[PDB]
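Asks: this one is an experimental structure. Sequence first:
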Amino acid sequence: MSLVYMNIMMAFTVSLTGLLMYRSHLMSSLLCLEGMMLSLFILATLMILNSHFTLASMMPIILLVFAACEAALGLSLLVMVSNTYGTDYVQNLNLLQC
Amino acid sequence: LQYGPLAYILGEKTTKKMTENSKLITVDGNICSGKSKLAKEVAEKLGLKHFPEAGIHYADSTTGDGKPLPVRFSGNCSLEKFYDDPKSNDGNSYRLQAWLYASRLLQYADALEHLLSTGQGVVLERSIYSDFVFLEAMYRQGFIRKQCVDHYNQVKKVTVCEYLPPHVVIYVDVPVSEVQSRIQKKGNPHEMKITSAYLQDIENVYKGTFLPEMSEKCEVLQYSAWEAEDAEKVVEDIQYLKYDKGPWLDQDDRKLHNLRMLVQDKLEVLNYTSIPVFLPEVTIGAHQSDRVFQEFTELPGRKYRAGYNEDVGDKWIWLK
Amino acid sequence: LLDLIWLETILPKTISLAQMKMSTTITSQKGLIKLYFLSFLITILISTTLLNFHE
Amino acid sequence: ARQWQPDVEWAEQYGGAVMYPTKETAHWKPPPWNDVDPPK
Amino acid sequence: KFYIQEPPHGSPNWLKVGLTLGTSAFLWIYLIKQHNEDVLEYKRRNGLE
Amino acid sequence: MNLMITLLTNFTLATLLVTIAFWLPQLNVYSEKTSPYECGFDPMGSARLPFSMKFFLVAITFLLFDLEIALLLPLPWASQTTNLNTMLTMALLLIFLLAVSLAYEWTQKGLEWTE
Amino acid sequence: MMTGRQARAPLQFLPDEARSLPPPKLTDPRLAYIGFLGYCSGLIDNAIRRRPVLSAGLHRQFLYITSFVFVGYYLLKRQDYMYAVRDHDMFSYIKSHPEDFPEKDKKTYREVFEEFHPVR
Amino acid sequence: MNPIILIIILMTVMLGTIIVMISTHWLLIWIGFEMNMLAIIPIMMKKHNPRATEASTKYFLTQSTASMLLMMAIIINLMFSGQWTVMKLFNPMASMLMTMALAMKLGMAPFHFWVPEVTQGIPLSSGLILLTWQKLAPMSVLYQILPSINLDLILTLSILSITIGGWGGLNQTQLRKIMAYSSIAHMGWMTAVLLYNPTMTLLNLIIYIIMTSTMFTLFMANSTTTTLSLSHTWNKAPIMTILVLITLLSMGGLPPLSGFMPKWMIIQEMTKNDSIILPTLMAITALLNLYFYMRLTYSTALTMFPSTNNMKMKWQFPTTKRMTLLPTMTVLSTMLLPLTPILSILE
Amino acid sequence: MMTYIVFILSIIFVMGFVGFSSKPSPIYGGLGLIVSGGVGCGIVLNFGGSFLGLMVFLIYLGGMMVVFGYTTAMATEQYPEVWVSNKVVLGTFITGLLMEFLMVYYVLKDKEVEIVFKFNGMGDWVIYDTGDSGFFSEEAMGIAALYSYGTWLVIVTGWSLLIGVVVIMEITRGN
Ligand SMILES: CCCCCCCCCCCCCCCCCC(=O)OC[C@H](COP(=O)(O)OCCN)OC(=O)CCCCCCCCCCCCCCCCC
Ligand SMILES: Nc1ncnc2c1ncn2[C@@H]1O[C@H](COP(=O)(O)O)[C@@H](O)[C@H]1O
């Protein structure tokens, strides 16, 4: 297939491995979920604008909506981690190991 | 049942009946402080409901026919044998203290249930916030062990965190010599075996640990012995209080609804009094527990649920 | 020797110790998000490169 | 002469954070009873 | 009078007893009507009369 | 094409007002003039400490209400449709759901700041 | 397996052709076992709430029995329908494909040679 | 929580599962999963303690990663098929990514690393919602894409789930982690029979949901969250020990109980397809699940662990709890095996 | 090399993704994600989606301003890692960049490449339509159809945003 899908899928995989390998800091990986949403947006939108399947043009908007509709969720779940502990480090969330 | 989330949805908000008469007042003091009439006197001035101090048989007084059950079914302990042999081998001291803490937890649940269901305030005597002073006096006198104090602290840590403090705590300064004089004038031969150091430790855990930590979350009213004889002065001091401290001010309908759904379920109130901490004072073994449980089932009015007993005269069981 | 030790050794006790040992290795996790998702990445890389489940 | 029923020594085997305590699973205290932690 | 407090199940909840017996009688008469309609429809679709 | 030329020109003579702002005057560097500013006195602690946000629930709800102007924005184009009562119903449904959201955030004191 | 059958008529618990089948009797032992499950549910319900197990709540036990018999009647109807569909599709597929199902010529045991294996 | 808000949030969890079940479009599947996760996060944080916040953070990260992989599988399907219909997938890469996404959403091993953590952190009611209602939408999507699921992948996930969920529960004394490793092993059983007969997948799902709802309702009715607190039940309500006995012996796959019903039928559908080794290893590995079930029955029903003195107060108070459908679910989880050919209604 | 403009913007997209995916600090994570979301609205704007690129630019600008406020309020340390402070940040940053320009070099020299899929190496101008859409940009018509045709999508999206507000206010309470 076309050349740009290589790099947009590459950016998805880069953001995937960035999300899936934590650096002990939860906000730095909540950016990686938002980057995966960006890469899925641009990939789906290139496919939809390419093929002129115009009725799915409303699809990435909807996709983008649920992007922040979980990203806000993560931030609402970031502040409860950072109120229990002074930092949002992910290694403070190990109480459920026993 | 009678109360639930559906009653809360259909309009029964529990601050629609929360008036200025709805005050939970706990009267405290030493062993013979003379508070025993004083609380009732407050309950005949402010129009409140007096609860007596939870003995061993408070749960017996709330369930069944209200009569006290035999002590092998409730307590498995004796206050008089604690007065006779405090350092006993069978561990009667902490077993009595744990049963009294569970009874006061039940009484405080009954108090909050009355306060949140009817809007009438309750006058208690030695609630669960003041129960630890007898534990600490018993531990300073060497009556119990440190593992008993750790068991009490675990049970208190997981039970008292779900409740609110009282609005008013009334404390009665009576010195140790006057307590001993009132014990000698009382006439109870077991109660006259209370040592002076135990009374002094009760007064020390009162004045040093209880009141300095309760003065922030409620309003203390510390009286002497002669001015607690006049209830009109005490009730006049209650009626002109400026209720500003404590977590009762930031209570909406939702928090008091959650509290009322906790409070009316008595097995959830008493859920953590029987935690599986195997302590030799309170752990009853398997065969004794089986024997006393099967003897408890054979009591009149105790074999089934509270409306399903033919031996006490419950009718229409086949339609219930 | 046989019917208290060795016939007791071969079938039931070795199987019991093996399931105990595997149970303690499975449940010895340190409760960390970092290690769990790094294991997820290694799973994805083994599925693609090593096992070819995308074929 | 009567039926054996378990004692404290038998029943405390089931009270740890795990069932088979190894070197790694040795510092694991059991979780709190109401599952509520001090705010630290 | 035995119990010191009036229990929740001292008297039968006659609204709930009436709902229980009415629901059960309705389900039985609807089941028997459905079964008679089903055997009549079987005998009609197969001519087994 | 012309857009990238215009942005290149704007970025170029915005960064060439900087390279003649650093390299034209005479520099006198000593390690007290480049210190941070705390009204003359030395700053107590770093400014990389956590500066606690009081408006955090409003900041998270801004993420949700900013999506609404990705949904309410095609209305000048949605008004051009030939199923128009349905469009009008769905548009008023979206603004009404935003308004129900704002009313819920009001009455549960979510718009107020903490402390 | 039969998912493409119930795709032209979706979400039909009992279709129209299910009325061409005999319904279960009300004395069906499967239905009597489901009614026994209702009675056992009534007994467990009186047991866990510490009611007298046989005497208390006869209306409640009777609605347990009635509700299980009522649900189980339609469950047995749908069961018998789906097995009749299974057999109908089996027989129609065997009939429409004769080359896949040849008529076997069952030889008698005077021509069939079996190796004798002596137990000695 | 305000009960109107609790009703709306639970109806939104149900709405997300229904939107996954009824929709023919991939974007609506993804919307249903997003709505399901988004609404179930405050059910986990109903109590507001650090363990619920940790469980909700781990659950959000796992389910968000799974939904990312799901939407990437959807977009690769859009490339290689030009369409959005919820049916088989037209690329093995999208098939692998969607199978990984659904295996993460089920908590199947080796993506199982969140189910004991999240299940222990949250209450018993929200743990019931997690282990039953959240196993309905990914099983819908797996039921719908089985012409494209890789055989080796779903069987590796299945037997790895059965083995890891067997070994995990042996080292547990917490009841929620026991039910979570039980969940892992049972999802392995459901997905192993997925490509052979998905009616048996639905049968195992329904019988599992009945037995798990029975066990969590018994735990809530007894207010027990550990093994050693479940062991006091004989001194308080001895019928509950009988119910957990019959339900735990049912969950182990012992005849004549209904939990033997799915397992046997799964074996009955895997030997038809000339697979003999794999259901044999699955059956033998289910003995580990049976072993920690038998451990719980020893501690609860078959022996009498020593109780405390304060239990004597709880003799005087009955249960005012809503034990909703507990006798019905207890009868259905134990005495349903003579009605085994009822599974044809799931065709 | 001007026909490769969408490819060049896509290289800058992957460079921004290696920039914030190495996770230096969410200040610079927000920087890299703004750079990627700003060249990604230049990738997709050259396909005809001028509405649908400006929105992923604008929504993510609001998003990274919010994320900035939180990483200055919650996710803050005394010495934030810029791009090079940690060896594990710089190592994987250089690794992602070298592997990205490696697959640039293998796709311009060979004009075909294969990582899992097969990809062309010609400029992606080749696949565009040779026709005109008249007096409507078709992506604007399709997003306008969210009100006429997308009624169920409106209902589930507006309900999800409503309960998103309700869910977030139920989480961020503490009691
Ligand atoms: C192939 C697709 C098949 C689809 C079938 C769909 C059938 C219906 C849905 C079944 C799915 C699981 C349902 C249970 C989800 C959990 C519900 C829940 O948690 O409800 C909350 C409530 C809590 O009780 P409470 O004590 O008040 O709480 C204290 C504070 N939390 O109450 C509880 O926790 C108590 C439990 C209530 C619900 C249990 C009964 C329903 C499920 C059991 C099977 C019933 C038989 C019919 C259906 C068969 C199929 C499942
Ligand atoms: N926790 C406790 N431990 C021991 N004795 C107690 C405890 N609480 C109350 N008492 C006794 O209860 C009596 C209360 O005195 P009165 O003021 O007459 O009610 C005294 O005998 C106290 O010693």
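Replies: Nice, thanks for sending it over. Residues are numbered from 1 along each chain as shown, chains lettered A, B, ... in the order given. Ligands and ions are numbered 1, 2, ... in the order given.
Asks: contact partners for residue C:10?
Replies: By C-beta atoms under 8 Å, 6 or more residues apart in numbering or on different chains, residue C:10 lies in contact with nothing. (C-beta placed from N, C-alpha, C; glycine too.)
Asks: which residue ranges of the chain form helices?
Replies: All of this refers to chain A. A:3-19, A:26-51, A:58-84 (DSSP state H).
Asks: let's do chain C instead
Replies: C:7-8, C:14-26, C:33-45.
Asks: mind listing what's buried in the helix or strand hosting residue B:98?
Replies: Using DSSP states H and E, residue B:98 sits within helix B:92-118. Residues B:92-117 are the ones in helix B:92-118 that count as buried (16 or more other C-beta atoms under 10 Å in any protein chain shown).
Asks: next: stretch F:54-71.
Replies: Buried residues in stretch F:54-71, defined by neighbour count with 16+ other C-beta under 10 Å: F:56-57, F:59-68, F:70-71.
Asks: if we check chain I, which of those are in contact?
Replies: F:56-57, F:59-64, F:66-68, F:70-71 (C-beta under 8 Å from any C-beta of the partner chain).
Asks: which members of those are positioned in helices?
Replies: Those of those lying in helices (DSSP H): F:56-57, F:59-64, F:66-68, F:70-71.
Asks: residues contacting the closest residue to chain C within chain A?
Replies: In chain A, the residue that lies nearest chain C is residue A:97 (2.7 Å; C-beta to the nearest C-beta). Counting by C-beta under 8 Å, 6+ apart, residue A:97 makes contact with C:29-32, D:28, H:117.
Asks: the helices of chain C: which one's closest to chain B?
Replies: Minimum separation from chain B across the helices of chain C (C-beta to the nearest C-beta) falls at helix C:14-26, 22.9 Å.
Asks: that closest one and chain D, are they touching?
Replies: Yes. Residues of helix C:14-26 contacting chain D under C-beta under 8 Å from any C-beta: C:20, C:23-24.
Asks: mind putting these into CSV with distance to chain H and neighbour count?
Replies: Putting the residues of helix C:14-26 next to chain D into CSV (distance: C-beta to the nearest C-beta, whole Å; neighbours: other C-beta atoms under 10 Å in any protein chain shown) gives the following:
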residue, distance to chain H, neighbour count
C:20, 7, 16
C:23, 4, 25
C:24, 6, 20
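Asks: got the residues of chain I near ligand 1?
Replies: Residues of chain I found near ligand 1 (C-beta under 6 Å from any ligand atom): none.
Asks: how far away is whatever residue of chain I ends up closest to chain E from chain C?
Replies: Proximity of chain I to chain E (C-beta to the nearest C-beta) peaks at residue I:175, 31.1 Å away. Counting by C-beta to the nearest C-beta, to the nearest Å, the gap from residue I:175 to chain C is 25 Å.
Asks: show me where the stretch 151-300 of chain H has its strands.
Replies: For the stretch 151-300 of chain H, no strands turn up when DSSP state E, counting those that start in this stretch is the criterion.
Asks: get me the contact residues on it for chain A.
Replies: residue H:174.
Asks: give me that answer again for 10 Å
Replies: By C-beta under 10 Å from any C-beta of the partner chain, the residues of the stretch 151-300 of chain H that approach chain A are H:172-174, H:176-177.
Asks: just give me the residue closest to the centre of chain A.
Replies: The centre of chain A sits closest to residue A:33, judged by C-alpha atoms, centre = their mean, with a distance of 1.8 Å.
Asks: for residue H:97, which non-adjacent residue is spatially closest?
Replies: Using C-beta to C-beta, 6 or more residues apart in numbering or on different chains and skipping the chain neighbours, the partner closest in space to residue H:97 is residue H:73 (3.8 Å).
Asks: could you check how far that neighbour is from residue H:145?
Replies: Distance, residue H:73 to residue H:145, by C-beta to C-beta, to the nearest Å: 9 Å.
Asks: does residue H:129 really touch residue H:118, like I thought?
Replies: No. With contact defined as C-beta atoms under 10 Å, residue H:129 does not reach residue H:118; the gap is 11.4 Å.
Asks: looking at this, residue B:220 is in a helix?
Replies: No. With DSSP: H, G, I helix; E, B strand; the rest coil as the criterion, residue B:220 is strand rather than part of a helix.
Asks: related to what we said a few turns ago, nearest to chain D, out of the helices of chain A?
Replies: Closest to chain D of the helices of chain A, according to C-beta to the nearest C-beta: helix A:58-84, at 7.4 Å.
Asks: touching chain D at all, that closest one?
Replies: Yes. Helix A:58-84 comes into contact with chain D (C-beta under 10 Å from any C-beta), by way of A:83-84.
Asks: that helix near chain H anywhere?
Replies: Yes. Where contact is defined by C-beta under 10 Å from any C-beta, part of helix A:58-84 touches chain H, namely A:58-60, A:62-63, A:65-67, A:69-74, A:76-81, A:83-84.
Asks: so what does that helix touch, helix or strand wise?
Replies: Under the contact definition 3 or more C-beta pairs under 10 Å, 6 or more residues apart in numbering or on different chains; DSSP states H and E, helix A:58-84 sits against helix A:26-51, helix F:56-71, helix H:26-44, helix H:50-81, helix I:51-73, helix I:138-148, helix I:151-171.
Asks: would you map the helices across chain F?
Replies: Taking DSSP H as the criterion, chain F carries its helices at F:2-15, F:19-22, F:56-71, F:75-78, F:84-107.
Asks: which of the ones you listed is buried the deepest?
Replies: helix F:56-71 (a mean of 21; mean count of other C-beta atoms under 10 Å in any protein chain shown).
Asks: how far away from the center of its chain is it?
Replies: 11 Å (C-alpha atoms, centre = their mean, to the nearest Å).
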